[PDB]
C-alpha cells in the first residue's frame, strides 16, 4: 500500500537482480555467487568453485575487479581504482599465479599503469605506462618497451586522448592484439597543437591551493589530434633488441585533409581491417591489409578498399559500422544505410565493391551479435513494428529468406527488449530481457535454440513490489505530417483520465537517441509518478535513431531546431489528450537534454511553467569537434557558422522571464565544461532575469558521487514539487 518514495530510489531499496557472466570457452562461463568466482557448464548447469572468496582477503587492498588470462593460468587483480573519464581510469595491478597460488612479486606491473590487457590466447600481457606501450611474454619476466615517444598530454601510445575515448572508440584502449596474440596493433595520437581545457579542482578541504586540471580538448573547429597506426610482432621480442613497429598509413583519400581512425578489426591471423573517417564525417574508407610473409610489411590493396559515404548527412549512427568477417576472412557482414534510409546487414566480398543486403524493411538492425558457418545472429526492432523493442533474430546464410526470431515469443507480455551474450563459438547464448516486465535471464543452446534454464527471474523483487503502488508505462505514438512519432508515459498508479495530472517532459533528444522504449526502469521518474502523481513523458522526435535516415538526418547541420520544436509540439499533443493540467507542464533534461530543455524554456512558447537543466550545452562551439562537427560541420562563415550562433541558449535569455529555471552543473565536468553553464547564467544576468542555480564541487558530467547524486535529485524534487504546488 506504500508508494515508491524518493528514499526508495536514493537508498536503492528495490534492486534489479542481474546475472553478469564471462564466457571462457564455448561451453563454460564465470560467475560470482558469494564473492566466489564460479565456473559453470552451460550444457548441464552444474558449476564448481574456481576461486574461493577468502583467497584475497589477505591481500590488504580492496580489489575493484579481476581479469583471468584466457589460458586460465593467471589472474590480474586491479585495486586503487580511480576514475578518469567515461571509460578511462587509473589503478594498481597485481598478477596472481594460479599454477602456484601466489602473487607475482618479481617485475610487478608499474604503478600508475593507464591500461592493461591480456592476449586473446595464452597469457601474454600488454600495458600502457606513461603513454608508452610495454609487453610481457611471461607475467614475472621483465617487460619489453614498444614505444618511446610517449609524452604526457602530447603523445598517446596504446591509449586514446579525450575525444577519441569519448566520441570515436568509446573506450580508453587503443591496443588490438591479433587473434592468436602474434601481432599487437596500436594507434598513436598526437595532441601537440590541441588546445587545453582548464578548470579548477578543489579536492579535499585540506588542500590549501585549488588544483588546475588541464586536458587536451579539441572544441568545434579547433585543431584536432593527429593519428598514426602501427603493428608490431610480439614473437620477435625474444631476440628483441629494439623491435620494429611497422606503420600502416591511411589511404590517399584521407591524407588530403584532417581525418580520423574510426575502426580496427582483425579478420584473420595476418589480415587487419582499418576504417578511416574524414573530418567532414560523410566519407569513410575501409582498408583491408594483409601481412607480407617475406617483406615483413603490411600491404592494403586498392581493390580491397571499401567506401561508405552519405549524401544527406553523416555516415553511420555515431560512427561507421564495424565489419564481421567470416572464418576465412575473405568476406564480411556490415550494417549500412540502404537506398531507403534504413540500416540493414549487407554482405561484402573482400574483393568486390558492391555488397548484397540480406535484411530489409521499414526497420533497422541494431547490431550483429554472432557469425557462424550456418547462421548470423542480429538484434533488430522489426517485431510488431516497434522501434523501441529489441529481439534476437537468426538469418540463414544459404537462404536469406529463412529468418527466425529467437526471443519474440519467449514471453511476449513480460519481455520485449533483449540483449544477448554468445559463447566462444556461438554454441550457447544468454538472453537478457529488460522490459517491459522485470528483467529475465535465460541460457540457450544454439543447436535448436531451446531454453536450457532460467538464470535469474527477479522473483524476489517481484514479491517486494507487490505491496507497493507502482506506476504503469504506456508506449504509443502520434502522427505528425504522416509520420509515426513514438512516445512513452510513466503513469501514476490508479491512473484516471477523468482527472488532470501534472506533466514532466523528460527530454534528451540527441542525434540517433531513443527515449521511448520497452525497458523497465526504477529511477526518479518512478518516484515522481508513484508518490507525487506526476506523468513523466518522453518523446522521440526528428533526429532520433532506429527509424530511418529520413528522421535521424532531419536535424543535420540544424541542431536545436526540429528536435526542440518536436518536444514543444509533443506537449501540445499531450495536453489535448484530456488528462494533462495545462498550467502544470514541466520539462527537464541532462547533458543534451539540458540543452534542449534550455532552448525550449527560452522559446517563448508559453507551454511550460518551469524547467531543470543539468549539465547543459550552451553553444556548440564549446563542445568537442568530432561530435559537434559530425552533425554541425565547421563553424566557419563559408560553412555552418550561421547556425552555430543561431542555436545558442544565451541568445534566448530574454524569454526566460516567462518560466522558472533551475540550472545545475558540476564544476569538474570534463565533457560539457562548466563554461557552458557559466555563460548561460551570465547571459540571464545581463538581461536581468531571475533563476535558480546549483553547482556541485568536483562533480563531473555524471554527478554520480553517492552524496551528490542523492543531493541533486533531492534538490530537483523540491523544485518540481513547488512548481506543481504539490505539498
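Whichever C-alpha set is largest while still superposing within 1.5 Å between the two forms counts as the rigid core. Positions refer to the first chain, counted from 1.
S.K.: Hey, after superposing on the core, which one moves around more in 7 other deposited structures of this protein, 103-111 or 485-493, CA-wise?
M.R.: Comparing 485-493 with 103-111, the one that moves more in 7 other deposited structures of this protein is 103-111.
S.K.: Quick one: core-superposed, which stretch strays further from the shown model in 7 other deposited structures of this protein, 83-91 or 304-312? Go by RMS C-alpha distance.
M.R.: So, of the two stretches, the farther one in 7 other deposited structures of this protein is 83-91.
S.K.: Please compare 35-43 with 665-673 and say which has the higher mean C-alpha temperature factor in the record.
M.R.: Looking at the record's C-alpha B-factors, the answer is 35-43.
S.K.: As stated in the PDB record, which stretch has the larger average Cα B-factor, 385-393 or 445-453?
M.R.: Comparing averages over the C-alpha atoms only gives 445-453.
S.K.: Looking at 228, 83, 542, 521, which one carries the largest C-alpha B-factor according to the PDB entry?
M.R.: Largest recorded C-alpha B-factor: 83.
S.K.: Report the option among 599, 168, 95, 272 whose CA atom has the maximum B-factor in the deposited record.
M.R.: That would be 95, according to the entry.
S.K.: Classify residue 479 as lowest, middle or highest third according to the C-alpha B-factor given in the PDB entry, relative to its own chain.
M.R.: For residue 479, whose C-alpha B-factor we compare with every modelled residue in the chain, the answer is the highest third.
S.K.: What third of its chain's C-alpha B-factors does residue 194 belong to: lowest, middle or highest?
M.R.: Tercile = lowest for this residue's CA B-factor.
S.K.: Please place residue 704 in the lowest, middle or highest third of its chain by C-alpha B factor as given in the entry.
M.R.: Lowest third.
S.K.: Which third of the chain does residue 590 land in by C-alpha B-factor: lowest, middle or highest?
M.R.: Lowest third - that is where residue 590 ends up once the chain's C-alpha B-factors are sorted.
S.K.: So where's residue 618 on the chain's Cα temperature factor ranking, which third?
M.R.: It falls in the bottom third of the chain.
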